[PDB]
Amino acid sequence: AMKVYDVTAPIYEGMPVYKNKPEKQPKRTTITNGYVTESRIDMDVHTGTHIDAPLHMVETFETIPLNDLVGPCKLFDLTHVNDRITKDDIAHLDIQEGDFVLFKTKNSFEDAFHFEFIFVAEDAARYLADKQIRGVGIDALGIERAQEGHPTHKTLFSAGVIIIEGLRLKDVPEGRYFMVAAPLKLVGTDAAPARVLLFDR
């Protein structure tokens, strides 16, 4: 029988956010009238688990398309890696054109924001871009740091790769999954919070 893995981070004031910046925190506003409670959520589009798509995918009631966010993926255990994922750490792996790959790293075993998270280095990004994968997910809130001019994002976007950031892959074994990465259906944005689920084989 099918296992469903919830690989999404929860959303609440005081949650881990990028570089611990107070302004990146979400805000909940409640209003009560008798027994009726209603609220508003005000959040960064890059909060917690989120999708970042190439600009050209979005701008109608135009939204990030689902063709690639919903389908088979491959999750690789890269918990041995230190500092950053390089081409050398991923070149021998079974990664093909059209694939959606997720990287479980040491990030998954930390609960707070850490500045020196495991990120995808330029050379690994260019390899993945040139391979023409359809997506890549990482388990830190950003897929890149310590690289002026954001070359990892830009190479992946040139090739049309969608990026998922802020996955929580701790309890997920290496293997194949059916992924449903379902972003908030917000018109016009190329970035959106998402609920990402992985299903057995």
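In case it trips you up, residue 1 is the first one in the sequence shown, and so on.
### Query
Does the deposited sequence hold unmodelled residues between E59 and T60, and if so, how many: none, 1 to 3, 4 to 9, or 10 or more?
Unmodelled stretch: 1 to 3 residues, a short break.
### Task
Mind pulling up the entry and telling me whether 28-36 or 165-173 has the higher mean Cα temperature factor?
Higher of the two, by average CA B-factor, is 28-36.
### Query
Averaged over C-alpha atoms, is the B-factor higher for 87-95 or for 126-134 in this PDB entry?
So the stretch with the higher mean C-alpha B-factor is 87-95.
### Task
Select lowest, middle or highest to describe the third in which the CA B-factor of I64 falls within its chain in this entry.
As the PDB entry reports it, the C-alpha B-factor of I64 lands in the lowest third of its chain.
### Task
Taking the values exactly as deposited, rank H46 by C-alpha B-factor within its chain and report the matching third: lowest, middle or highest.
Tercile = highest for this residue's CA B-factor.
### Task
Would you please rank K106 by its C-alpha temperature factor against the other modelled residues of its chain and give the third it falls in: lowest, middle or highest?
Middle third of the chain for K106's C-alpha B-factor.
### Message
Considering every modelled residue of the chain and its Cα B-factor in the PDB entry, is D52 in the lowest, middle or highest third?
### Response
Middle third - that is where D52 ends up once the chain's C-alpha B-factors are sorted.
### Message
Ranking every modelled residue in this chain by its Cα temperature factor as given in the entry, which third contains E148?
### Response
Its C-alpha B-factor belongs to the highest third of this chain's values.
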